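First the structure, in the form of structure tokens, and then the observations on it.
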Amino acid sequence: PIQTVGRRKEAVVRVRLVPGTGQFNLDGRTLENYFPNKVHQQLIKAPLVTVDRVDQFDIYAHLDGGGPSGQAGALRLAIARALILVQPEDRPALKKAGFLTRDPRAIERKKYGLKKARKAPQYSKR
Amino acid sequence: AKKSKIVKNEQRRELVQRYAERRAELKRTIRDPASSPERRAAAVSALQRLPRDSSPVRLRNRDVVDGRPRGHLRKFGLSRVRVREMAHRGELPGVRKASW
Amino acid sequence: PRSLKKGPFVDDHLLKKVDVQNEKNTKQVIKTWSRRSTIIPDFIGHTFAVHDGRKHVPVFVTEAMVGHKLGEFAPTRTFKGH
Amino acid sequence: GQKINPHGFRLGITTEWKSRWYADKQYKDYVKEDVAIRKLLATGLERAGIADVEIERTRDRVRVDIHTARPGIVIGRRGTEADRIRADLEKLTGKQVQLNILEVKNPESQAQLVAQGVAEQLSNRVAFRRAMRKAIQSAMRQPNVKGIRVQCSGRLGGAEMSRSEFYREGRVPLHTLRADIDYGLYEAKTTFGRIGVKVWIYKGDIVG
Amino acid sequence: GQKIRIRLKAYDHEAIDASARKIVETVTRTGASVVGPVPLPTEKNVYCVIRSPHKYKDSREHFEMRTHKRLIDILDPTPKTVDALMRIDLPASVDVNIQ
Amino acid sequence: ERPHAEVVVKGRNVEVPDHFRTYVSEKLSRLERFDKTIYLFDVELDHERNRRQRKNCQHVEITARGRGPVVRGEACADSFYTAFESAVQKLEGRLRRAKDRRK
Amino acid sequence: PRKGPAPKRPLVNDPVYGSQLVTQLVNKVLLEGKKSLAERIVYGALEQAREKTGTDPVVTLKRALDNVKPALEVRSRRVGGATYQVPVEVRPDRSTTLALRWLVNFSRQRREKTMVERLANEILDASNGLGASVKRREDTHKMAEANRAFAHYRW
RNA sequence: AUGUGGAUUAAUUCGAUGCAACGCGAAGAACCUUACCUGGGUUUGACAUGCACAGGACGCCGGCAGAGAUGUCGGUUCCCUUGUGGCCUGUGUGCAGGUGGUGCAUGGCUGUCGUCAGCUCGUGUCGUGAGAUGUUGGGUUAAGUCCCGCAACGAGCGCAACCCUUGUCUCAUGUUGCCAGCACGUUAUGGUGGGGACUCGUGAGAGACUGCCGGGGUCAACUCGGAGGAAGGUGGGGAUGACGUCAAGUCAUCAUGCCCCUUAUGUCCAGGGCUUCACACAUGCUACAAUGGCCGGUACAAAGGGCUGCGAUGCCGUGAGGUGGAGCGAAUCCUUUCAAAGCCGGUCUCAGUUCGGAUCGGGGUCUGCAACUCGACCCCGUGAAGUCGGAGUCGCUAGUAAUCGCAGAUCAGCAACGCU
């Protein structure tokens, strides 16, 4: 079977990519039921946009972890990796825009003596 | 802190262990329901006859080694200073400097 | 505020002393150490005094002084100004 | 906070715990038991110096261990002082004290014992120069002392000053994480006041 | 069938894995059904502290007492095996809930 | 802004007969006279109370606001007068520096 | 940046049309991380533009950008007792940044009861040649004309 | 909202003092803490130990005088085995204790310049000597990291790096969690068997090493654009403080040399204070609105806490709250199958305003023996200043800043809007 993963800052999604139409199903709903956010929709679509195969490959997801934008990046990631399982030959033209990488940029540890990550207390001189 | 003050907190724990066992408990039990004899109990006025030390609010988690009445960690059961010192000497199980 | 299921805080010392007093039927100035005791209308006869960290203050009682503590009628801090 | 203890910093990796057990509700209890133990121990015996004190707890057994190069001074020869120790430990109620006494192998590469011996030398009437120098010599002539740093401080020689002067030799890279390090911090009496002593002993590396 | 469940608690991972192998061995010594130490979570009791006395609240430090935990489900609890596994020897660092 | 010179008087533990105030307020107006960029002046009286002093019995730190940089003057003496006048001189040094470094 | 610059970010494109000037605008009106809110504000204002002049809003936006986009601006330097302004050519990046910044922040202090109206009608103003954005652009060009005399430092 | 200064004060306990203090020692000051004050008892004592002399019972459970300290009857009047003891009644003798002073007598611990790149030694040669040399001069670096020519040759403590977390993958690992392929419950649902396949929680190892490309480069380093990759040029953030100064701070976390109290600066007691305010300084938040105020409807995170305790559903209360306890030493159970921004519908339509919430008068809840100085919380009415901020300053280079909310150590309940 076809199964690949997507993870963006604690936002995991599994994927079933089938050769059917572009039917989207995302935990008992669709992309027009959830995600009222069009930039997020662009992210979600950009791999099929790239390969010009929009409505050539059904996708079925199970969302968990993270918030909408994290889940969105993880979704588009997993869809592209599933397209690589469909055929890797398109891969080195996808690195040309790099829609394939895991986002190596996660939330930071909060430090001691300070108010958050990098915002220091006001160095008062009185 | 002081010998006398550690001794007094130790005395107060003994008092509480005696009397809040059941004596300063039954009045609470009977006086929590609205079937209570409060209308003629005088059980409130009788709990005024017991010593103030009967109540646990007068206690305090002092360290066993020093008696620092502040900065006390119930899991280690110690003043933060002694906590530091023990974990520095490597004298507590599986305890270490971590990151994340 | 004192909860109602618990009722009032009328403490044993002056409660029992004023039992003794109204059963003597006689009224005089009577000292007590308890700021934390709540007031009953049965105190409009007697005169009570309390300590405030330095010395004692007497105070005479009125109808609308009920439901309160005696410390509310003792000056605890003096501030005459600068 | 100029230099934390290498023992306390390598504790996660290279050096090892001095009181192994497991407890959830009895943790506080076991630690207060342990400190009262070690305090009564040091308060009873002080003439020959303890090298290490280790404790372990089980369902009902209790295994307390004491390293010292001079046992005959410490222990009951007939059993006197060791039975006294079991007596104190039964007042504190460990309830099954399998007191395994041990003598160490290298008294001059045992950091704490060396610092305690030098501290005694100081506390008697002596200067610190010859003691420090001979300590360095005695440690470094033996095999495994690759690097040492002996650090004496106090009102040294009665000089009414907070002083700090040390004598080292060899290699003491405390940042070499993989390598075994032995640390000893010991404070000694004196006519004038209290002196401190620290000693770092480096030992090879560890591969594993 | 039947089960007997062990929940092993420790702080040393080397040693909890060591006793895991030992207990699985002693369960296997009777030809009794043995499963293995499933990789289940660990608690992390964490405590921040300040270093110095009397001031310098900005300088601090952290400490982390973990809790290594392993479930071992033994099937086929032949009562000979049960009373044998009641009597395994271990060092002090590990504790066990036999339920 | 002439009575706007925010005097701050301070002493942790020293016997304070009321003339230290006179001396200090006047020795502060002293330098108010010739620098108009000043808001606060903190004035402190401190004392080591050690047996066998090392010729430092009383100690003074003064610190003053300015438009941008601040002014910082420390002095130490055996009594009030040497220390106050010394710190006043050191303030004038800092201030002369700053007012030569104005144009 | 004592060692060298870092590359400028891989900007997004507009999801709907394909001009990243739009996302530049939405990122510069973005306020407390409410990007989709600023975005629906954007779409609404742009649809106002389309239904109020029968054109594609991005073209008239380019129009207003052409109006207010400067070429020459100021750069200050304290020198010799009287701190001098100096004329500087201004590359396209900073030009566009500054133009959109003026345009947004002067849409802010308008009087239309609502940002969708303040913004949109200010865009109309700068487009067809009337707005306070154009006013401030002229002010800056006149200042450059003023301090022409000091170009010769060549900084 | 809190932390200080100054002045009140019977008492407002002490220390900390630009950088490196002022949401500090506090991680929870009503009594307690507390060290401070009025008033009362104590004096080898609130608790011990070394001596002997007089003891065999001593306590504990209730009663009375009492703000409490404290003195006093009713019931407890031992086991050793003749030598004495557990024990406590006294008598005093050794005393015992101090938050009394010196942090410029000391140790220990810690901040700081400063996570800045340096600081030293050997043996030598030079110099009468203090001292120099090395460690100068070019390339070069995040850096005394490295290369090249030389009275220097060599090295250490440092910078790098083996540590943790995160970033990717192969194998196993199957519940207390997933649950694609399957069969069964159907009102709430993985809820139950069934597959460990994807996830996965926990562990082991490969992956970054300018690894290879070609043009530059003392041909050396040092680079310039590449492929491949999940990451590529110290992946990122963490941990980590060279020798020492500031006689830095803490004799009040603790330890302690010296001086002092001892009928008391010790000590047992209830009340009061550390929250006084014509003001000043500092830290933050809540606001000056339509990106906003209000009702209603819809989905998701990480994450931890728990037993003489976390507390579910039902119902009653406006709502804090409530008998009650299912289940729970806990990948389950309380933790709504875990949220707020946001989205959809509509109103308010730019004004001291449905903004804002002070402030007060009352109606009330919980815990604590006790809510007046003095506690948090809901409800009613209350509706103040505030219409974007001065000279200058503070913090920020990416998952950062700005914003929304959650969780918690300490803690019975709290000023916690702090801290993590």
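Residue names in the structure tokens use chain letters A, B, ... in the order shown, residue numbers from 1 in each chain, and ligand numbers from 1 in the order shown.
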Exercise for the section: Might you pull out every residue within 7 Å of stretch 68-80 of chain G, with only C-alpha atoms (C1' of nucleotides) counted and same-chain residues fewer than 4 positions away left off, and present them as a list in words? Expected result: residues 64, 84, 85, 86, 87, 88, 89, 90, 95, 96, 99, 133, 134, 137, 140, 141 and 144 of chain G
Practice task
Do me a favour and pick out the residues of chain C within 10 Å of chain B, using only C-alpha atoms, as a ChimeraX atom specification.
Solution key: /C:5-13,15
Handout entry: Polymer residues at most 7 Å from stretch 79-88 of chain A, only C-alpha atoms (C1' of nucleotides), same-chain spacing of 5 or more positions, as number ranges by chain
Key = A: 4, 17, 47, 100
Problem - DSSP strand (DSSP E or B) residues within stretch 29-89 of chain G, listed as an MDAnalysis selection string - result: chainID G and resid 72:77 84:89
Practice task
Write down, as a PyMOL selection string, each residue of chain B that has any atom within 10 Å of an atom of chain H, counting only C-alpha atoms (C1' of nucleotides).
Solution key: chain B and resi 1-9+11+21+24+32-34+44-60+65-75+79-82+85+97-100
Taking C-alpha atoms for each residue, export the selection above as a compact mmCIF listing (two decimals), in the first residue's frame.
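That gives us again_14.txt:
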```
# COMPACT_ATOMS: atom_id res chain seq x y z
CA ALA B 1 16.82 28.29 61.97
CA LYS B 2 16.95 27.70 65.74
CA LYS B 3 16.89 24.65 67.98
CA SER B 4 13.90 26.01 69.91
CA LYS B 5 11.89 26.68 66.76
CA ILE B 6 12.56 23.27 65.22
CA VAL B 7 11.59 21.79 68.59
CA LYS B 8 8.34 23.74 68.56
CA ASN B 9 7.36 22.66 65.05
CA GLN B 11 5.88 19.54 69.17
CA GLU B 21 -6.63 11.95 64.18
CA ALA B 24 -10.63 17.62 65.58
CA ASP B 32 -20.65 19.71 57.36
CA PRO B 33 -24.18 18.31 56.81
CA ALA B 34 -27.15 20.62 57.24
CA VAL B 44 -17.85 25.29 67.44
CA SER B 45 -17.55 26.78 70.93
CA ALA B 46 -16.13 23.40 71.98
CA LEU B 47 -13.49 23.48 69.26
CA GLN B 48 -12.60 26.82 70.81
CA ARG B 49 -11.91 24.79 74.00
CA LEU B 50 -9.28 22.70 72.22
CA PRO B 51 -5.86 24.32 71.83
CA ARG B 52 -5.22 26.56 68.86
CA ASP B 53 -2.31 24.22 68.10
CA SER B 54 -4.97 21.63 67.18
CA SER B 55 -5.25 23.42 63.84
CA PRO B 56 -2.65 22.59 61.14
CA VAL B 57 -2.27 26.11 59.72
CA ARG B 58 0.49 26.71 62.29
CA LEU B 59 2.72 24.04 60.74
CA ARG B 60 5.40 24.65 58.12
CA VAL B 65 18.94 19.23 58.29
CA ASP B 66 18.81 23.03 58.68
CA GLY B 67 15.27 24.15 59.47
CA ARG B 68 15.07 26.75 56.70
CA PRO B 69 11.32 27.59 56.89
CA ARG B 70 11.28 28.72 53.23
CA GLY B 71 12.22 27.46 49.78
CA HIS B 72 11.17 23.92 50.58
CA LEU B 73 10.56 21.13 48.06
CA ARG B 74 8.20 18.44 49.32
CA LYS B 75 9.46 15.75 46.94
CA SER B 79 15.62 23.47 51.66
CA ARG B 80 16.64 24.48 48.14
CA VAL B 81 20.20 25.10 49.35
CA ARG B 82 20.62 21.56 50.65
CA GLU B 85 24.33 20.63 47.67
CA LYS B 97 21.80 18.61 35.09
CA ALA B 98 19.54 18.48 32.03
CA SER B 99 18.63 20.57 29.01
CA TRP B 100 15.91 20.71 26.36
```
Exercise for the section: Do me a favour and pick out the residues of chain D within 12 Å of chain B, using only C-alpha atoms, as a count of residues only. Expected result: 47
